[PDB]
Structures are given as C-alpha cells and as structure tokens.
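First, one chain by itself: the form deposited in one PDB entry, in structure tokens.
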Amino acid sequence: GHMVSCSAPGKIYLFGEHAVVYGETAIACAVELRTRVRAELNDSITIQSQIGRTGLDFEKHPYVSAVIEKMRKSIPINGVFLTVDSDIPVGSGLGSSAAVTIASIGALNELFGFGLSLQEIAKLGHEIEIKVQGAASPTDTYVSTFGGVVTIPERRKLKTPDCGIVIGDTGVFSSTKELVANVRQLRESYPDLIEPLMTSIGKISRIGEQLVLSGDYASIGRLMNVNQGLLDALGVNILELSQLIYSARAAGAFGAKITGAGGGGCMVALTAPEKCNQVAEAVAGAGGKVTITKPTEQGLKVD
C-alpha cells in the first residue's frame, strides 16, 4: 500500500535517421531529458499528465493505456493512479512516446511485482508502440530502456560522449508519418539518385562509430553537419531548423543537425561544456526553445 516512481530518458540521433528504414546504420544517444511515471494503488484506473486527467483513454493517453491493457492480462490490475511528468516535448525525434511507454512499464513492474527484466521491458515496450502506431521500430524503446549510445540495428554500445547537448525546438509540429512518406515517394521518384544518398547516410554512421569510440567530438560534429546536408537533400529540413542549426554552429558548436523525422521539431547541437550557454543563447536568439542537456548511460531507473 504505497507508491512508486520510474523514469526513462529520451534520445537524439547523432547520425542516420530516415535511412534506417532502408537498412542503413544509425547512432542513437540517450540524453538526460526523462519522463517520470509515478504509480499508486487505486480503486479505478486514472492517468493524469500534461493534457489532463483520464481513465483508460486511447485518445489522450494511448501509450499508457496500452501498457495497462497488456500487462493486466498476466497480473490483473483493477485499479492504479499513474501520473506522468516529462521534460521531453511531444513532437520531433526526441522519443517522448517511447520514454513514457518504458517508464509506465517500469512503474507497473515495480508496483505489482511483474518481475520483468530490462530486456523483457524493451521487448514489451516495442509491442506497445506497435499496437498504438500499427507498426513501430524497436529502436526507440530499446534506447530509452538501456540508455547510452546505441547503434541501429546492431545495438552496439558506444562510449557516452563527455559533451553538452543543446536542443533547439522550433515549435513546429514534427509529424513523423508524413515525412517518412515524403522521403519514400522522393526515393521512388528517383531511385538511382536517392538510394545512394541513403548509402551515404549509413556510411556517415559507420565512420562516426569510431569517432564516438575515440571521443573525437570535433570530427563527430563535422560529420553531423554533412549528415544535415543529406537530410536537407531528402526534403525534411525547414527554414526554422536551418536558422537554429546555423546559429548554433556560429556560436561554437562542434556540429548541429536535425534529430528525428525533421519537417519541424528540434535540432541537436553537440557542444563542448564551455560553449553550452552561448550556443543556447544563439539558438534562443534565433527564435528557438532551447534545452541544455547531455548524454546519459542511465536508461530506465527506479526513482
């Protein structure tokens, strides 16, 4: 008869977004922007977050409701009160939906003693995102479960960079599905042109793998800038993203690029700790909601 709190981090793409869906490598990096889910025993099912208080509700709380629906089939959950707080803004490729999924599983696993392992939690989180989105990659829930720097799809763990991470949100809503659809149709229109560009994005991630293992942050940011041009060439860049990205580079960032589907949302700037604040001021001065964070090895943890 008590309460339990769990948190799971978000992530940013160092390299390789959009190209993964065509079988190329990418490098995801968990950051210290987390979603907390606090769980208590209750008479009925209640979920409260930024967008209000609901019961079981697949319109407002689809991921948390799906988690409850699934896990109640092994150990029955007749009542629970879940409170969701997050530093990960819904939108862009920061993994907010995967963070709340993993944290909801972790809290319930602790509250009702499901005894699930971290591997089982990541596998369950992937299935939750499939039943909510129709089809989902296991990448988001895996990185939010284990933290750190993970390559996709090999799941190679790399050394977490001793770096600052500046996230500039353009405020435009990043609708992932249509941007992935826009890239696919561009790929279909010019196959011999776009498909090699997908090979080049994968080539960047494989080169960047050693640079992440070597700690060469200046080379990493340089390759991030090359990755940004290819993402721009694929059509997922916008004026606001370009303005935040170039403002961050001018203020001394190693590199800056879109993170996620693009077409709005957030960019990411890898900066040395000494340059975080002035990079954050430049992105803000360019009209961007700035978040100063850093990578993390901590995935799902019990608060």
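Residue numbers here begin at 1 and follow the sequence given. Just so we're on the same page, rigid core means the largest C-alpha set that superposes within 1.5 Å between forms.
Only in words, not in the display: the form deposited in another entry, which the text now covers.
In the core-superposed comparison between this form and the one not shown, the C-alpha atom of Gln278 has shifted by less than 2 angstroms. In this overlay on the rigid core, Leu56 has a C-alpha that sits 2 Å or more away from its partner position between this form and the one not shown. With the core superposed, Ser219 shows a C-alpha displacement below 2 Å between this form and the one not shown.
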